[PDB]
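Peer 1: before the rest arrives, take these chain(s) from the complex:
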Amino acid sequence: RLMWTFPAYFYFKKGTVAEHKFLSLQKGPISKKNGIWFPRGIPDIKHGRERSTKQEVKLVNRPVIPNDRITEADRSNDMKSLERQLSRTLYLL
Amino acid sequence: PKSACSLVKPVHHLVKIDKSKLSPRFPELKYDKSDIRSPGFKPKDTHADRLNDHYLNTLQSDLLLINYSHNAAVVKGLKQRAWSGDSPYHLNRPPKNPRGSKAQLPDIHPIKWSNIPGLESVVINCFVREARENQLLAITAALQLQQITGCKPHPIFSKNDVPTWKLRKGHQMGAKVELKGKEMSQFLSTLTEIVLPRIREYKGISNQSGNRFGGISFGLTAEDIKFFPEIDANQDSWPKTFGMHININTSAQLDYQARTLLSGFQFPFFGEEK
């Protein structure tokens, strides 16, 4: 809500193939237009963002897929295994 | 002005008058910066800090265990010595300065559950010396710093003047940024994992590096900064790049304790220790 506008003009150069994709991914804010009632106040826009609200910015070549935090050992409840709890401190008894 | 004589009058009560509160001038400023009603509000505790959590869980107990010396008493530092009163000229005399040093040194306490060493602050001093010619280089350096940290840099200016190095006084030259809390922790984690392994012949931080009291430092070249993921992702946008000094400030009594702490966070140490 309090975050700044994303300065897209810096990270994406004007008239470039990379910028275009980013633009397509994004959706713009509703501008103020004369002779119309905006019952959620008049749009306050600068660098293409509604100042009155939170901004959302949607974004080898491979998707980064993280591994499951629960394990096979955990599922089986194998007490002798070391991979059975990954988020806790295990002690040898 | 009728006079320059400064002289604060004594009072007849023990109530502490906060003068700021009695005014009606700065109503937004009466709120604390932590308070939501202040324009200075910022969400502090946004997500769980990982390095800090690790320190809390694993390291802190281990550090305490390491630093236990049995019946260790306090080691007083070098202090200002008083004069022996063996002459009437000692009577309102200022005390003799410390033995070796001109400035007084702090007492070294035994490490207990309260005063275990931990990370206090990181400072990233970048003074670009080509910016004596080009002011724009200072700006670029500041941006780089901001990118690296996710924290607002502060501009460094030339405090001194010197002819040999073509340096004026009062000229913007690079930038600095004091990281604290979670951003600092993140920056350390990035340094440990991403950047320092990509440095080729990197032995580690020197064991001869540091303050006398809980402060360790090292520096990165312009070659090393291109390994930061924010800089690396747009090498077209970053043609020039500037080195930096990295002052790590710990809550350590002595420097070996600080080194040990940093090692706990996966910092390699190579040189012969003092």
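Peer 2: That came through fine. Residues are numbered from 1 along each chain as shown, chains lettered A, B, ... in the order given.

Peer 1: list the helices and strands the longest helix seen in chain A packs on?
Peer 2: Secondary structure of chain A read by DSSP state H shows that its longest helix is helix A:17-25. Packed against helix A:17-25 by the contact rule (3 or more Cβ pairs under 8 Å, 6 or more residues apart in numbering or on different chains; DSSP states H and E) you find no helix or strand. The way it works is simple: take the backbone N, C-alpha and C, and place the C-beta from them, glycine included.

Peer 1: switch the cut-off to 10 Å
Peer 2: Contact partners of helix A:17-25 among helices and strands, from 3 or more Cβ pairs under 10 Å, 6 or more residues apart in numbering or on different chains; DSSP states H and E: helix A:8-11.

Peer 1: My reading is that residue B:38 is in a helix; is that accurate?
Peer 2: No - according to DSSP: H, G, I helix; E, B strand; the rest coil, residue B:38 belongs to no helix; its state is coil.

Peer 1: I'd say it and residue A:2 touch.
Peer 2: No - judged on Cβ atoms under 10 Å, residue B:38 makes no contact with residue A:2 at a distance of 11.9 Å.

Peer 1: who's more crowded, those two?
Peer 2: Comparing residue B:38 with residue A:2 by other Cβ atoms under 10 Å in any protein chain shown, the one with more neighbours is residue B:38, at 14 against 7.

Peer 1: go ahead and place chain C:
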Amino acid sequence: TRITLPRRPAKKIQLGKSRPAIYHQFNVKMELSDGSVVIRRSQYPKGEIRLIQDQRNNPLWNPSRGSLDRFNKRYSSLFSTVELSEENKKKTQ
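Peer 2: So that you can see how it sits with the rest, here is chain C on the chains above:
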């Protein structure tokens, strides 16, 4: 001689009205050399990165655990150790 950007009149931030610089940051997933993913907040717009050279594949951080490429390609039929032993007489130096 000295290259500069000449300053305009500074904008007066009133006392109390100063606001903290909350820069626009994305949650970015870093997959390290091995499959360990880590989330970090970052200013550059990239949801996923995978790293090649990290601490998790550097020998200094784990002691217990393309000219050369070109050469290999165009001297592949010969298969270039035995070759070293053949071509290493240590009399002349």
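
Peer 1: Please re-evaluate what packs on helix A:17-25 in the presence of chain C.
Peer 2: Helix A:17-25 is packed against helix A:8-11, with contacts defined by 3+ Cβ pairs under 10 Å, 6+ apart.

Peer 1: Near chain A, which residues of the stretch 51-200 of chain B? Just list them.
Peer 2: Proximity of the stretch 51-200 of chain B to chain A (Cβ under 10 Å from any Cβ of the partner chain) is limited to residues B:57, B:58, B:143.

Peer 1: Please name the residues that touch residue B:146.
Peer 2: By Cβ atoms under 10 Å, 6 or more residues apart in numbering or on different chains, residue B:146 lies in contact with B:152, B:153, B:175, B:177, B:230, C:21, C:23, C:43.

Peer 1: can I get the CA coordinates of the longest helix of chain A in CSV?
Peer 2: What follows is helix A:17-25, C-alpha atoms only, in CSV (Å, rounded to 0.1, in the frame of the first residue of the first chain):
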residue,chain,number,x,y,z
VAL,A,17,10.8,-6.2,-27.2
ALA,A,18,11.3,-6.9,-23.5
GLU,A,19,9.3,-3.8,-22.5
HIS,A,20,6.4,-4.8,-24.7
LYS,A,21,5.9,-8.1,-23.0
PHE,A,22,6.0,-6.4,-19.6
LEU,A,23,3.3,-3.9,-20.8
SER,A,24,1.1,-6.8,-22.1
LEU,A,25,1.4,-8.6,-18.7
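
Peer 1: Now do the buried residues in whatever helix or strand comes next after that helix.
Peer 2: Sequence-wise, the next helix or strand downstream of helix A:17-25 (DSSP states H and E) is helix A:72-76. Of all the residues in helix A:72-76, those buried under the rule 16 or more other Cβ atoms under 10 Å in any protein chain shown are residue A:73.

Peer 1: okay, now chain D:
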Amino acid sequence: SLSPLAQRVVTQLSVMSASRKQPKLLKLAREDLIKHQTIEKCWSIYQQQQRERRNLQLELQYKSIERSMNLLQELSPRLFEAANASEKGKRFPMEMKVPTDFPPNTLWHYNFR
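Peer 2: Chain D goes in next, on the same frame as the chains above:
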């Protein structure tokens, strides 16, 4: 007026600057404000409690160590001496890494050296 380098510097400066990039102020209703206060205060209390728990635990550990070392001194002097050495250059092992967000492909290495 300005060079391409000058332009790029200006752009870079803008990235850092708060000029026309920041939203409106976060205004709240009085009920909302109260709710926020109660959220924050409770959280702060919880954090304090956690700190005390950890601090208490550390104190307990210290006491146990003290108890041990006195006993060692009483019984076997050589063992006590061995225990109480300067661990100046003690370095944490590089395998004890800072726990990641998600685990690796190979969770645990059974062979080494």
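
Peer 1: mind redoing what packs on helix A:17-25 now chain D's in there?
Peer 2: For helix A:17-25, the packing partners by 3+ Cβ pairs under 10 Å, 6+ apart come out as helix A:8-11.

Peer 1: what sits against residue 13?
Peer 2: Here I'm looking at chain A. The contact partners of residue A:13, by Cβ under 10 Å, 6+ apart, come to A:19, B:234, B:236, B:237, D:11.

Peer 1: try chain C instead
Peer 2: Counted by Cβ under 10 Å, 6+ apart, residue C:13 has contacts B:39, C:19, D:18.

Peer 1: Take those and write them to TSV, including neighbour count and distance to chain A.
Peer 2: Shown next, in TSV, are the contacts of residue C:13 (neighbours: other Cβ atoms under 10 Å in any protein chain shown; distance: Cβ to the nearest Cβ, whole Å):
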residue	neighbour count	distance to chain A
B:39	17	10
C:19	17	8
D:18	17	7
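
Peer 1: Give me the buried subset of the contacts of residue A:13.
Peer 2: residue B:237.

Peer 1: between the contacts of residue A:13, which is closest to chain C?
Peer 2: residue B:234 (6.9 Å; Cβ to the nearest Cβ).

Peer 1: hang on, that closest one packs against residue C:44?
Peer 2: Yes - assessed by Cβ under 10 Å, residue B:234 is found in contact with residue C:44 at 6.9 Å.

Peer 1: Which neighbours do these two have in common?
Peer 2: A:10, A:11, B:147.
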